Amino acid sequence: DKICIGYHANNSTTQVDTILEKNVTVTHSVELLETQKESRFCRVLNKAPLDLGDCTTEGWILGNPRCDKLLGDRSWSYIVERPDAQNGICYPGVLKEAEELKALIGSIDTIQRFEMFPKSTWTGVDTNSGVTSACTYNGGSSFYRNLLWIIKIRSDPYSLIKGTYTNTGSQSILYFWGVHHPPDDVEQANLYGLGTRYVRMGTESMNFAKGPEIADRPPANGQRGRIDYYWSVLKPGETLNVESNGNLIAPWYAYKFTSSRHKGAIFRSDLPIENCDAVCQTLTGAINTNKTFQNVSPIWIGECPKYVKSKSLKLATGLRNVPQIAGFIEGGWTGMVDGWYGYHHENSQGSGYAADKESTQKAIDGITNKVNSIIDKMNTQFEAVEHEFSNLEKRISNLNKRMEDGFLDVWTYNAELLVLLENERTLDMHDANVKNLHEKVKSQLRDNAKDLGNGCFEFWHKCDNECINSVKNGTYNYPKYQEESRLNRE
Amino acid sequence: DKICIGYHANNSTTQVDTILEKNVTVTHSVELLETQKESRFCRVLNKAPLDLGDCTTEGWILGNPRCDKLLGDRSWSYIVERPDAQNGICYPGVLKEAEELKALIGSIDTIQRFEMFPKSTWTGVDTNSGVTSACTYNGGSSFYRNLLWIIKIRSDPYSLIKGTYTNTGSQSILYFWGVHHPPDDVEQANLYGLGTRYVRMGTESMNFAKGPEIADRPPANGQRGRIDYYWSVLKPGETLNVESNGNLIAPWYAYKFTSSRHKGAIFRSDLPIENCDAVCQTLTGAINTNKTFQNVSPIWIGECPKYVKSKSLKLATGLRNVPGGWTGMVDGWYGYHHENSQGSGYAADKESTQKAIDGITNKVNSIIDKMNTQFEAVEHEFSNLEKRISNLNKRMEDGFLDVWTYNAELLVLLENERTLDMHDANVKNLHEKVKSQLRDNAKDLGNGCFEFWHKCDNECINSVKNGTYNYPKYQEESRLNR
Amino acid sequence: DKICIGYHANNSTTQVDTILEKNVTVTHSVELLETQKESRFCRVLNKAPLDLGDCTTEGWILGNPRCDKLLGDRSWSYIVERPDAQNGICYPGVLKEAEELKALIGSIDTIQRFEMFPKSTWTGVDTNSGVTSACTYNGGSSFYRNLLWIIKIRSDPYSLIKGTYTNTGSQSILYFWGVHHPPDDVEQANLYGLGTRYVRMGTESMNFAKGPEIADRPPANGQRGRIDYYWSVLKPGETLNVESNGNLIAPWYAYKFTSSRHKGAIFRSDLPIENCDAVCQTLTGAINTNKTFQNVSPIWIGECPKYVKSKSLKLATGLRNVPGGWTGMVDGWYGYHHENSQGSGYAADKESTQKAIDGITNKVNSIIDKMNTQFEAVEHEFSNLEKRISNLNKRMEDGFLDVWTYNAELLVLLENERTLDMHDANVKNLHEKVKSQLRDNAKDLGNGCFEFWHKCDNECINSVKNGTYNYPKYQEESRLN
Ligand SMILES: *[C@@H]1O[C@H](CO)[C@@H](O[C@@H]2O[C@H](CO)[C@@H](O)[C@H](O)[C@H]2NC(C)=O)[C@H](O)[C@H]1NC(C)=O
Ligand SMILES: *[C@@H]1O[C@H](CO)[C@@H](O)[C@H](O)[C@H]1NC(C)=O
Ligand SMILES: *[C@@H]1O[C@H](CO)[C@@H](O)[C@H](O)[C@H]1NC(C)=O
Ligand SMILES: *[C@@H]1O[C@H](CO)[C@@H](O)[C@H](O)[C@H]1NC(C)=O
Ligand SMILES: *[C@@H]1O[C@H](CO)[C@@H](O)[C@H](O)[C@H]1NC(C)=O
């Protein structure tokens, strides 16, 4: 006649690691790391990304005429720029503060294009010949649709020209202009005239006065001339004045815009945009998951889990899985099934397995709480950003990089280390819970049963089902069987 | 006759959390997080902050004439700017590198104002008409007290003008100038003259050369003109040369300054400045605490505890409070209750109580020790063309805050669970030390107590406590009773 | 007749700390922190650093004529600038974007100097009088070897001058120029001429047009004039055009360069450069170690361990050393001491000793594995107008340092306590395996040993060790006693 203390086992082959031991098979586990993504770009909070097609952010916003598919009012949750986009700044030159412009654009929600300065604002000049082979449209010469390249009428001098616009709305306005620099004085004379020339732009809060910076330079996109492109934001209430007597690339169309209530982004990617929705949209695809870590990409919008370098974060929730009557010391019981820890008895009324409800449940609750506590404490994300840096910003670019890789290494370490350490605790907690049941039984039976050093106890007497249950509920009664016992123990 | 092993309990209702379970009542705990502050600004290392009143940092340092209350020599542990301050850059324009100037000013300790270039320096020009309705003083037109707005005499051309100053002291000098930009060529001709005009400033180590950038603009503060304001530091030994034939807003008064040996700050706040002292002064008030974390503010000067987002960090120092436990023990944490013919009573086990007290006190102090650093967020400012480094700074500051908060919260949960396991084990040890000694001269009861099969006097009971029991002496008397 | 359960001890005096107690002596420990360095500069991936001697990075790269020891093709894994170097920008003025130039230079691995614009490119001007007392060479007046200071011939006007160069290679080219600003109109007229003057430089991707900004300024290095120095990179394929009628300090020699596949650095240090190799080279010396943390310096190139502020990170790998414990055990960590009529002796329990050795070894390696990453501080420079990003960089670097230090110190304290608890438990297990087997055929003694109520031969004692004891066989003989 006997009773054993033992623990659950099953067919699982899932392994976890601990600080002490690797490749340890367990009965139950939860993987905390999401590794799967849909390789595409989806809507976020029901708002679609803007596909720039064969255009760059600059070609788009300056209105390169090969970018007409994007022309006009648009709204977007994020921007998708194709890596090999060919249509950008077609007439050669520099966009001043280009990287800050992109940051601005990435924080914008919606834009509304409108005519800020119609051609009629500039009088005594040629508003219809401002085109170049560098900016083609259907093979012929053309120009940015948001800028107007004014030149003199052949017969007349380039008169002083003036224009004003007042932002009377509540939305800020993003607008552009340029100064054209011919490669020599002959072209300068032809297009604008000799003498001092200036482009002046004035606001309540910005002031601008510049002239041609003539110089012979090698051709870029077929052109020896250049344009310095500038951008600015006319704030609500502000008024802009424009004066020039030459070399002005005037603002034509501009954008009333709103600033997103959400984090946005410009993704440089070739992934397709499809008709789908995503809670979490990363640079390298959409994630749909309840998990709390993620090794897909550090760059995203929406609500994503923390990025880490890990290939897995398998957290043990069950016991060491070790199958082979006999109790816990020789392994686990595939036959238990009921629960995690329990008993196996054998008397004249048969035999069988039964879990200890109370200790199984107390352990389930502690583990469930542990998991939720981990989920809770990992419920923040460091958010890397794809801002851009010029060739003269190596230092802050490197600063940003070291910072982003810094937090990635700390969080990866934190996550990996936590899983290793708590797994060891989880498995020790099992060993102890089993020990507790075994010891609750041992203390009760004293010398009315033999230990066997094995997890089971052999009764020195008869133990019916009502006796065996009296051991489970912890109300055994040593004296009743003490005499019967001692006679067989001697 | 009997002896029991048990543990302490009391009237405490304080709860802590562990990784395994929540809302666990304990006998003793220490709260590690400071959440209280005095909503005011105090002295730090016995030096008072500077209240800028109705002035902004810029109005102050350029000497806006409505800011005369701040004019002259000053010194401070930190600066308090009022959010709604109205007197700043009164004549419209831009202070170049304004944000870097503020960082500088925040690292300054004391300033001494002095006349760098008196009016007599500039000859053949009008040094007495340089005033505007935009910078008013008692209703009349005026101008910044640290700058001089020079224009031509009506009859004469604006002559080339020159001035030099040499810093012969050991203190650096902070000084200001500007270039005035009229809105059109007519005003330009009136005030300075036509042709190329320049403002040139030179030093052993810096140079500067700029002209008017004339342009039609809308009025701001009633004026279509603008001034680009500039600042710089003339180092000890250096000499400054100034040369212009127009558009120069010349330096007039400047500041010899010293750099603080301590971290300083500019707080934008409406909190009152009072006659008090603070070891730790945050943007949102003063903290006086021995605690090691703090959820008041990430921005401070003085010696503050680490900022975290947590609402509490309650660390268990005692046992699970379950009255189970013995409210009657009082002596210590773990111990005994005996009963014989000489009475009964409770008594703690000194040695195991003390060993556990020392381990916990060490744990607390070890935590305090390892958390004895602070990440220090700074209130530097960023222009509208510095969105990227501004965002970089923000993500960094929040980055450390999230790692330290996680570190702190997680540590408390994990070590609380260890603390409470250690109690369970210590109690079990005493019980087992007793059991092994008595063997079958006493009955277990499965209950924590032992019923003696014999008489056990106080001398016997004490022999069990000190671990020198003597089974054979009572073995006969014992075995017969069963 | 008896058997005891006990644990190892030895002569070790090494101490570790735990979260619960301090100065705890243990039998074995591993120090995880490297504190030793060779105070010198070594080769890294077989390439030597470049010693700038008495020259600054700027004097070197502009070709200050007192820096001829460096002149020409060079290559390096890192640059060592001496703190007290005196030869830099000798004619007074400002190198634009100097700090970015240094970052560039730190990322370069080899340069090849060549004549970009020979003197013959500039016609109708004086290409042979461009010298100053501020830039001396053997006592006489001279000038940077990579720049040409052109002035007018006395009799003639300064003609418009032109030059072009096209980068037809695959390597980028680093080059320099300047604009000279005289201190007054008389010197201006003398050297270049009156009227508007300009210096124009053009490329497919950069445009430059500036004039003299004449002003009297106090003398620096004996000179009231100034030069604004500029630098740029002509990319492969690009072509540079130069046009001026005055005030041009022309490019003369420039550098084709290659970009390092590795992190480089400019170290400001007086440490000697020697014939050695270093896997890890820090600003304050070379480290050769297998350890995983390091308190030598946060600045390095090569493969270094993680920098921390700690003075030590001693991890317990053995037991509490308390000779209590058995100096006589030697075999292993946990075991037995028996005594019968066939003698006495000590013997370790192989299975439980080995399981503990493996768990600890794994713990150490796991720690090593998880700490196998480094935050890398950099010595980029910041101007006096970059206090904010300089402070941002500083707070960031000290931020990670504090987090990693905390992580490392805290981990050692916590795992040391776990390590020492695991020993206490393993010993207790052996003791309780033996107790359950013997029941009342032996006496506990409350002491760790068991006194047998019967005779226990070596075969009996081993039957206890292997866990197959046989209580009934000796139960009668026992009960008699
Ligand atoms: C995130 O981790 C997963 C695995 O946990 C990586 O995906 C595996 O990569 C291997 C080796 O290339 C493939 O053969 C397996 O098919 C992948 N496993 C799964 C489940 O997809 C993945 O590369 C990691 N992500 C990133 C961006 O590095
Ligand atoms: C713990 O107690 C608080 C009240 O202090 C209560 O709001 C909360 O719901 C409790 N949590 C759990 C898990 O019982
Ligand atoms: C922590 O401080 C916050 C400040 O954000 C305060 O409102 C709150 O009451 C604090 N939490 C607790 C539990 O004191
Ligand atoms: C142990 O602690 C004391 C101070 O409490 C210290 O003086 C002593 O040097 C320490 N020993 C070691 C080996 O660090
Ligand atoms: C590193 O720690 C060691 C002690 O292990 C000490 O001798 C040394 O001062 C430390 N080095 C530095 C640079 O702080």
# chains A, B, ... in the order shown; residues from 1 in each chain; ligands from 1
>>> interface_residues(of="chain B", to="chain A", cutoff="7 Å", atoms="only C-alpha atoms", output="JSON list (two decimals) with C-alpha atoms, in the first residue's frame")
[["chain", "number", "residue", "atom", "x", "y", "z"],
["B", 19, "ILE", "CA", 6.52, 39.58, -8.78],
["B", 20, "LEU", "CA", 4.20, 36.71, -7.64],
["B", 21, "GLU", "CA", 1.45, 38.52, -5.73],
["B", 93, "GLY", "CA", 14.32, 91.12, -34.87],
["B", 213, "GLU", "CA", 19.74, 93.07, -45.63],
["B", 214, "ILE", "CA", 17.13, 95.55, -46.77],
["B", 215, "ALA", "CA", 13.64, 94.24, -47.45],
["B", 216, "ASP", "CA", 9.97, 95.26, -47.37],
["B", 217, "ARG", "CA", 8.31, 93.58, -44.46],
["B", 218, "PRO", "CA", 5.22, 94.02, -42.43],
["B", 219, "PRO", "CA", 5.41, 95.97, -39.19],
["B", 220, "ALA", "CA", 6.17, 94.12, -35.93],
["B", 385, "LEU", "CA", 15.21, 74.92, -37.19],
["B", 387, "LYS", "CA", 13.65, 70.05, -34.52],
["B", 388, "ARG", "CA", 16.02, 67.09, -35.04],
["B", 392, "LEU", "CA", 17.11, 63.73, -30.15],
["B", 399, "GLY", "CA", 15.03, 56.95, -22.73],
["B", 406, "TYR", "CA", 11.99, 50.07, -15.05],
["B", 446, "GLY", "CA", 1.95, 19.18, 12.50]]
>>> interface_residues(of="chain A", to="chain C", cutoff="10 Å", atoms="only C-alpha atoms", output="number ranges by chain")
A: 18-22, 92-94, 181, 183, 212-221, 223-224, 226, 228, 391-396, 398-400, 402-403, 405-407, 409-410, 412-414, 416-417, 420-421, 447, 450-454, 489-490
>>> closest_residue(among="A:419, A:315, A:33, A:61", to="ligand 1", atoms="only C-alpha atoms and all ligand atoms")
A:33
>>> interface_residues(of="chain C", to="chain B", cutoff="9 Å", atoms="only C-alpha atoms", output="count of residues only")
41
>>> residues_around(residues="residue 332 in chain B", least_positions_apart="2", cutoff="9 Å", atoms="only C-alpha atoms", output="PyMOL selection string")
chain B and resi 7-8+329-330+334-335+347-350+353-354
>>> residues_near_ligand(ligand="ligand 4", cutoff="9 Å", atoms="only C-alpha atoms and all ligand atoms", output="ChimeraX atom specification")
/C:13-17,22-25
>>> write_last_selection(atoms="C-alpha atoms", output="short mmCIF file (atom, residue, chain, number, x, y, z; two decimals), in the first residue's frame")
data_model
loop_
_atom_site.label_atom_id
_atom_site.label_comp_id
_atom_site.auth_asym_id
_atom_site.auth_seq_id
_atom_site.Cartn_x
_atom_site.Cartn_y
_atom_site.Cartn_z
CA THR C 13 41.29 34.93 1.41
CA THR C 14 39.41 36.41 -1.56
CA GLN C 15 36.21 38.21 -0.61
CA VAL C 16 33.04 39.02 -2.51
CA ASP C 17 29.89 40.97 -1.71
CA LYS C 22 29.76 42.08 2.69
CA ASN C 23 33.38 40.97 2.86
CA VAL C 24 32.40 37.28 2.55
CA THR C 25 35.43 34.99 2.08
#
>>> residues_near_ligand(ligand="ligand 5", cutoff="12 Å", atoms="only C-alpha atoms and all ligand atoms", output="list in words")
residues 31, 32, 33, 34, 35, 36, 37, 282, 283, 284, 285, 293, 294, 295, 296, 297, 298, 299, 307, 308, 309, 310, 311, 312, 313 and 314 of chain C
>>> atom_distance(atom1="CA of residue 222 in chain B", atom2="CA of residue 118 in chain A")
29.0 Å
>>> residues_around(residues="residue 416 in chain C", least_positions_apart="3", cutoff="7 Å", atoms="only C-alpha atoms", output="list in words")
residues 18, 315, 316, 412, 413, 419 and 420 of chain C
>>> select_by_dssp(residues="range 186-412 of chain C", states="alpha helix (DSSP H)", output="count of residues only")
53
>>> residues_near_ligand(ligand="ligand 1", cutoff="8 Å", atoms="only C-alpha atoms and all ligand atoms", output="PDB file with C-alpha atoms, in the first residue's frame")
ATOM      1  CA  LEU A  33       9.108  38.024 -28.847  1.00  0.00           C
ATOM      2  CA  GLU A  34       7.227  38.724 -32.020  1.00  0.00           C
ATOM      3  CA  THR A  35       9.306  37.847 -35.105  1.00  0.00           C
ATOM      4  CA  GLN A  36       6.697  37.831 -37.866  1.00  0.00           C
ATOM      5  CA  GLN A 294       9.616  42.514 -31.332  1.00  0.00           C
ATOM      6  CA  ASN A 295      12.766  41.960 -33.435  1.00  0.00           C
ATOM      7  CA  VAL A 296      11.389  43.223 -36.734  1.00  0.00           C
ATOM      8  CA  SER A 297      12.506  46.853 -36.848  1.00  0.00           C
ATOM      9  CA  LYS A 309      18.052  42.270 -31.068  1.00  0.00           C
ATOM     10  CA  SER A 310      17.023  38.891 -29.525  1.00  0.00           C
ATOM     11  CA  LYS A 311      16.045  35.926 -31.713  1.00  0.00           C
ATOM     12  CA  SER A 312      13.722  34.645 -28.969  1.00  0.00           C
TER      13      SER A 312
END
>>> residues_around(residues="range 248-264 of chain C", least_positions_apart="4", cutoff="8 Å", atoms="only C-alpha atoms", output="count of residues only")
37
>>> residues_around(residues="residue 171 in chain A", least_positions_apart="2", cutoff="9 Å", atoms="only C-alpha atoms", output="MDAnalysis selection string")
chainID A and resid 167:169 173 235:236 256:258
>>> write_last_selection(atoms="C-alpha atoms", output="PDB file, in the first residue's frame")
ATOM      1  CA  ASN A 167      -2.160  84.312 -43.936  1.00  0.00           C
ATOM      2  CA  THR A 168      -5.619  85.005 -42.524  1.00  0.00           C
ATOM      3  CA  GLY A 169      -6.354  81.422 -41.512  1.00  0.00           C
ATOM      4  CA  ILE A 173       1.633  77.819 -44.576  1.00  0.00           C
ATOM      5  CA  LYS A 235       2.510  81.595 -39.493  1.00  0.00           C
ATOM      6  CA  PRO A 236      -1.122  82.392 -38.940  1.00  0.00           C
ATOM      7  CA  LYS A 256      -1.712  75.246 -45.859  1.00  0.00           C
ATOM      8  CA  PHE A 257      -0.951  72.386 -43.466  1.00  0.00           C
ATOM      9  CA  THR A 258      -1.902  70.773 -40.179  1.00  0.00           C
TER      10      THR A 258
END
